[PDB]
Amino acid sequence: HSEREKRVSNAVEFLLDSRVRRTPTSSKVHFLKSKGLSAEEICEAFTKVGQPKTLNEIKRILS
Ligand SMILES: COc1ccc(CN2CCc3c(c(C(=O)N[C@@H](CC(=O)O)c4ccccc4)nn3CCO)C2)c2ccccc12
């Protein structure tokens with residue numbers, strides 16, 4: 001995997017965890033950015049797990 005793919009893969013695994021799934025979106029977004037994910041990478045991970053968010057929602061959290 002590329003480093004980007006590893007970031008997204010790690011985010012996917014995170015977002016699937018049952019406790020995580022009960023955490024609000026905002027805190028997960030801020031978490032994922034702290035891990036070094038861009039907004040686009042975060043948006044990709046949310047879509048890969050079937051919890052899709054707009055880019056604009058993600059950028060509003062991060063703003
Ligand atoms: C912001 O909210 C939270 C952050 C962290 C944790 C603890 N872990 C929950 C489960 C979890 C974590 C991580 C995690 O931190 N992964 C890192 C990579 C690593 O350390 O192996 C990571 C890196 C980059 C992007 C996302 C995740 N992965 N997973 C799933 C696999 O066990 C972190 C939470 C636990 C419960 C509820 C909310 C949590």
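Order of appearance sets the numbers: ligands from 1, and atoms from 1 within every ligand. Starting from 1, each residue takes its place in the sequence as its number. Computed from heavy atoms alone, side chains included, the values below leave out hydrogens, waters and symmetry copies.
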Roughly how far, to the nearest 0.5 Å, is the CZ atom of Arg21 from the CZ atom of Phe14?
13.0 Å

Enter the distance from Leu55:CG to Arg60:CZ here, rounded to the nearest 0.5 Å.
10.5 Å

Could you find the nearest protein heavy atom to atom 15 (O) of ligand 1 and give me its residue, atom name and distance?
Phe31 CZ, 3.5 Å

Identify the heavy atoms of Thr54 and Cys43 that sit nearest to each other, and give their distance.
C-SG, 4.1 Å

Identify the protein heavy atom lying closest to atom 30 (C) of ligand 1, giving its residue, its atom name and the separation to 0.1 Å.
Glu13 O, 3.6 Å

Could you name the option among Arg21, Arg19, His30 that has the heavy atom nearest to atom 36 (C) of ligand 1?
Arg19

Please lay out, stage by stage, how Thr23 and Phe31 fare under the test side-chain contact (heavy atoms from CB on, under 4.5 Å).
CA-CA 11 Å; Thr23 296; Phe31 171 83; over 6 Å; no

Assess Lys28 for proximity to ligand 1: is some non-hydrogen atom of it under 4.0 Å away?
no

Carefully, step by step, assess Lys35 and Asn10 under the rule side-chain contact (heavy atoms from CB on, under 4.5 Å).
CA-CA 10 Å; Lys35 300 312 262 166; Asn10 284 161; over 6 Å; no

When distances are taken from atom 37 (C) of ligand 1, the protein heavy atom at minimum range is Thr23 OG1, 3.4 Å

For atom 34 (C) of ligand 1, the protein heavy atom that lies nearest, with its residue and separation:
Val20 CG2, 4.1 Å

With a 4.0 Å cut-off on N to O distance, would you call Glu44 and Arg4 a salt bridge?
yes

Nearest-neighbour protein heavy atom for atom 11 (C) of ligand 1, which is reported as residue plus atom name and distance
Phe14 CD1, 3.9 Å

Looking at atom 8 (N) of ligand 1, is any protein heavy atom nearer than 4.0 Å to it?
no

Select the closest option to atom 26 (C) of ligand 1 among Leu37, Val8, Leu32, judged by heavy-atom distance.
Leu32

Candidate pair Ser63 and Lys59, rule side-chain contact (heavy atoms from CB on, under 4.5 Å), full reasoning:
CA-CA 6 Å; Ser63 65; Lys59 287 169 170 170; over 6 Å; no

First locate atom CD1 of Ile58, then atom OG of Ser26, and finally report the distance between them rounded to the nearest 0.5 Å.
12.0 Å

CA sep, side-chain torsions, deciding dist, call: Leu62, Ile42, side-chain contact (heavy atoms from CB on, under 4.5 Å):
CA-CA 11 Å; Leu62 298 171; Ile42 293 171; 4.3 Å; yes

List the closest protein heavy-atom neighbour of atom 17 (C) of ligand 1: residue, atom name, distance to the nearest 0.1 Å.
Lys35 CE, 4.2 Å

Can you find a protein heavy atom closer to atom 1 (C) of ligand 1 than 4.0 Å?
yes

Those atoms of ligand 1 less than 4.0 Å from some heavy atom in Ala11
25 (C), 26 (C)

Suppose we measure from atom 16 (N) of ligand 1 to each protein heavy atom; which comes out shortest, and what is that distance?
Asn10 O, 4.9 Å

